[PDB]
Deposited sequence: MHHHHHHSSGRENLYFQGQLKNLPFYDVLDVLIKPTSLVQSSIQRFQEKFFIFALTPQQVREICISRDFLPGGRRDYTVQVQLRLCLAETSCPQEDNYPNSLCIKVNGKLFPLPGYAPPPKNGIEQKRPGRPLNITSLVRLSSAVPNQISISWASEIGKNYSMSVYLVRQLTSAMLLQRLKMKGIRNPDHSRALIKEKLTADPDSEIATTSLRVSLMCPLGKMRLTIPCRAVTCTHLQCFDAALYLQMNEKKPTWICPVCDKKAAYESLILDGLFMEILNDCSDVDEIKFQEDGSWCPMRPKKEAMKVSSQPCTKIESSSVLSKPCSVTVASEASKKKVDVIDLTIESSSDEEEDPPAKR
């Protein structure tokens, strides 16, 4: 209870505060709760040496303290309570009526964190309750990953050319036409990719798809607009073979796994 969905661009290094119910008075609308964590000496050093270019162009800590809120039992997306107000060591953390419907995201609170092991850090959370909607907070130490990093990991996880040949033949059992260009970026595919759930043969470029979700993480497949989560992604060996053999060719027709332009 209170566990959140995995974020593909973060590695969890530690749980600083385990999922914890934000208990509400039933009588008063507005609520406030305080939480303490304390970094170890090695965690402080971890943050301090971690600075690098982030997306946006800013140099900052890539090892971060990340606060997440969600409804309360299975893994949930980030969701905020009505009138959420967060203070960290007394300083207000700006966030990036009855029906507040604004979508939650993880909060990088590192820049208000006291980078010390001798002194505890403190977080205050205020909110206004809503009937039959219960929330939970947790705080993690995370390393933010780039798209290159996700790409690399994705490479270490690729699909037999024969799998797609059987979909070709178990589909045609006229002519099956497919493009070698990215529907996202319009240039020639470099690393061809789709979700295992996708029933189409058309691929998209892994690197460019992960660059887009790095900025605005929607995880929607550009070909068919179904869910295309990071963990569902595969790289098609067949389209990789075809890419190393073609040049100046944009589209191909498959027959009963042969292929012409």
Missing C-alpha runs, given along the deposited sequence, first residue counted as 1: 1-16, 89, 91, 115-122, 184, 201-209, 293, 299-360
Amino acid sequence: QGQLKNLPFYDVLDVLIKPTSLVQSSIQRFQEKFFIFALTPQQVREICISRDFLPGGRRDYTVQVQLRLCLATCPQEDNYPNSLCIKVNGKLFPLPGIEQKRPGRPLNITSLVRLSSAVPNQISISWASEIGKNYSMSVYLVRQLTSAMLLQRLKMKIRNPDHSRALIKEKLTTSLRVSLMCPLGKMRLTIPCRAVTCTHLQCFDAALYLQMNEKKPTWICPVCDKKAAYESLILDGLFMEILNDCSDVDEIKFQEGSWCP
From here on, numbers count along this sequence of modelled residues.
Of 159-167 and 130-138, the one with larger mean CA B-factor: 159-167
Segment of higher mean CA temperature factor, 24-32 or 63-71: 24-32
Residue, from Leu151, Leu180, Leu172, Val113, that the PDB entry assigns the highest Cα B-factor: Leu172
Peak C-alpha temperature factor (PDB record), options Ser117, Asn89, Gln100, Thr146: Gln100
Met212, C-alpha B-factor rank within chain (lowest, middle or highest third): middle
Among modelled residues of the same chain, the CA temperature factor third for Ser124: lowest
Modelled-residue ranking by C-alpha temperature factor, third containing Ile49: lowest
Relative C-alpha B-factor of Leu107, binned into the chain's lowest, middle or highest third: lowest
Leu189, C-alpha B-factor rank within chain (lowest, middle or highest third): middle
